[PDB]
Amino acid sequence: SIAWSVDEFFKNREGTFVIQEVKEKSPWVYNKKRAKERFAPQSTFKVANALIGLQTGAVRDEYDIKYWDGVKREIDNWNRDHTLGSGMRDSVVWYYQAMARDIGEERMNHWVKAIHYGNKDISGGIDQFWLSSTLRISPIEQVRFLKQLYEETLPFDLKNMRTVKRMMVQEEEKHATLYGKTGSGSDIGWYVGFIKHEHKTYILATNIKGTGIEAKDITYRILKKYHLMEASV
């Protein structure tokens, strides 16, 4: 068991860290107050959105191509054709908005409720509800959801859970694979996912007052401290 200590990574940011080995009964929590507070999921919702898009048949697989509509958006890399998988890696909002519209209100509502995704409130709008809007989920709830994704106990087809986990690969190392997703907006910084290291798997959520990139950085530093992730050798 790991004697977690992470205060040194949160000196300049208000934040929380939730982490749980999959055989452990409960997560370890830094800043329990913030860990139980629900926040807009921002781009971390792409994990659930992709599962639901695949389950409903709104998209075919991780290679389902959608065509750029020629509208120049804020991030250059968005201004080209994308797939479900490249859309998750590059957090391509327009792809996932198009998918959400195809899923539609009734199916999205059902599946968001079925997986107990925070307050389950998508009334903010079918392609808007996850960005600083009506839907909110706590860091503890993200870990509960991602634990079920990892252990394949969500009410999705096995194939769809395996597809989405492949789409989430963030770092590949000799003895580990990090899976995860950043979220940013309205000073809510997320990094959520799980790390497989040898025969142990840790489900995690980092949430700060700050950005997704900052949350991801904090996460890497914690995982490195405890040798779940290799150092920069």
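Numbers follow the displayed sequence, beginning with 1.
When 139 to 147 is weighed against 72 to 80, 72 to 80 comes out higher, by mean CA B-factor as recorded in the entry. Stretches 20 to 28 and 213 to 221 differ in mean C-alpha B factor, with the higher average recorded for 20 to 28. If you compare the C-alpha temperature factors of 199, 60, 46, 66 in the entry, 199 comes out highest. Between the residues 176, 40, 50, 168, it is 176 that shows the highest Cα B-factor in the PDB record. Per the deposited record, the Cα B-factor of residue 89 falls in the lowest third when ranked against the other modelled residues of its chain. Among all modelled residues in its chain, residue 134 ranks in the middle third by Cα B-factor. When the modelled residues of the chain are ordered by C-alpha B-factor, residue 109 sits in the highest third.
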